[PDB]
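Asker: Structure in structure tokens, see below.
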Amino acid sequence: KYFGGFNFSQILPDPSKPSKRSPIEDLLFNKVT
Amino acid sequence: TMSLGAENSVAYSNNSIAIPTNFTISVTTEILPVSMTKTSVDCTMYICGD
Ligand SMILES: *[C@@H]1O[C@H](CO)[C@@H](O)[C@H](O)[C@H]1NC(C)=O
Ligand SMILES: *[C@@H]1O[C@H](CO)[C@@H](O)[C@H](O)[C@H]1NC(C)=O
Ligand SMILES: *[C@@H]1O[C@H](CO)[C@@H](O)[C@H](O)[C@H]1NC(C)=O
Numbered sequence: 339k340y341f342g343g344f345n346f347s348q349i350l351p352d353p354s355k356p357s358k359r360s361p362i363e364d365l366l367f368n369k370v371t
Numbered sequence: 521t522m523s524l525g526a527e528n529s530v531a532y533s534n535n536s537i538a539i540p541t542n543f544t545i546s547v548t549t550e551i552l553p554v555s556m557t558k559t560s561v562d563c564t565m566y567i568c569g570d
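Below you can see the structure in the form of structure tokens.
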């Protein structure tokens, strides 16, 4: 995941969590209900 | 469960690039509605004719 220096960790999906969603998607889904 | 298409893992490295060597002309079709059937309704003959 070395794309020259850009860190896409906040937009790439996280395989550790059971729901494969980005860290931003978690906040987007945990605030709209 | 419906499939979301094929699964292709493109190789990404800092030194490799993919350059196309040939091409193709694709003639696709796209349909778009423009107008509809203009309808004129008679009030009296529809509500109570004769
Ligand atoms: C990407 O950003 C996160 C949050 O700042 C950080 O924890 C992580 O170490 C960064 N990763 C890289 C490749 O620097
Ligand atoms: C490409 O990135 C990888 C991961 O940082 C690194 O190990 C490798 O040496 C890099 N190659 C070049 C050509 O910089
Ligand atoms: C390019 O593709 C066509 C078929 O679409 C083929 O006839 C032609 O030989 C190819 N040319 C090259 C540059 O390989």
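In the order they appear, the protein sequences are chains A and B. Quick note: the first sequence uses my numbering, first residue 339, plus one each step. Quick note: the second sequence uses my numbering, first residue 521, plus one each step. Positions of the beta carbon are idealized from the N, C-alpha and C atoms, including for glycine.
Once DSSP output is grouped into helix, strand and coil, what is the label at B/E527?
Answerer: Numbered from its first residue, the second sequence carries residue 527 of chain B at position 7. Coil.
Asker: Is any heavy atom in ligand 1 found nearer than 7 Å to the beta carbon of B/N534?
Answerer: Here residue 534 of chain B corresponds to residue number 14 of the second sequence, with the count starting at 1. Incorrect: B/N534 has no Cβ contact closer than 7 Å to ligand 1.
Asker: In whole angstroms, what is the alpha-carbon distance linking B/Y566 and B/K558?
Answerer: Here residue 566 of chain B corresponds to residue number 46 of the second sequence, with the count starting at 1. Here residue 558 of chain B corresponds to residue number 38 of the second sequence, with the count starting at 1. Using only the alpha carbons, I get a separation of about 17 Å.
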